[PDB]
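Next up is one chain by itself, shown in structure tokens, the form deposited in one PDB entry.
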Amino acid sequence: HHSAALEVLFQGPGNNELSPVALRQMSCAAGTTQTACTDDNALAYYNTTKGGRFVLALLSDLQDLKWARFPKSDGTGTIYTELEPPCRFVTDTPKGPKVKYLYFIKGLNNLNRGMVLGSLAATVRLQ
């Protein structure tokens, strides 16, 4: 349904084991408030487990986002997730440098924030 994006290493299933997981990415609608989430304007990175999707972070050209909208598990409605203030970084593209803003989901711990930052740094070409 959606494409693989950022590889990470989660602990488990046993103690002191690491398992590789591909975070997937999907287009999503974000905005300054829930009802401003209309047109797709961001890319969300998420993990999938049996119970559904867990979103870790969003990338966007826009710097004023605060909320993102996602489909619920099994087309059963809508979910809204609150965002942290963004960090700015610059990518290298065929059109020149492109400024991006990285938003973590509120309530993401620092280990997982770091895994997103490192896998992004290693995967996308940076200016």
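We call the rigid core the largest set of C-alpha positions that still match within 1.5 Å between the two forms. Only residues modelled in both forms are compared. Residue numbers run from 1 along the displayed sequence.
The form deposited in another entry is left out here; the points below concern that form.
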Honestly, after the rigid core fit, is residue 35 moving at least 2 Å at Cα between this form and the one not shown?
no
Is residue 85 one of the residues whose C-alpha moves 2 Å or more between this form and the one not shown after the core fit?
no
After aligning on the rigid core, stretches of three or more residues with every C-alpha displaced by 2 angstroms or more between this form and the one not shown cover residues 48-53, 74-77
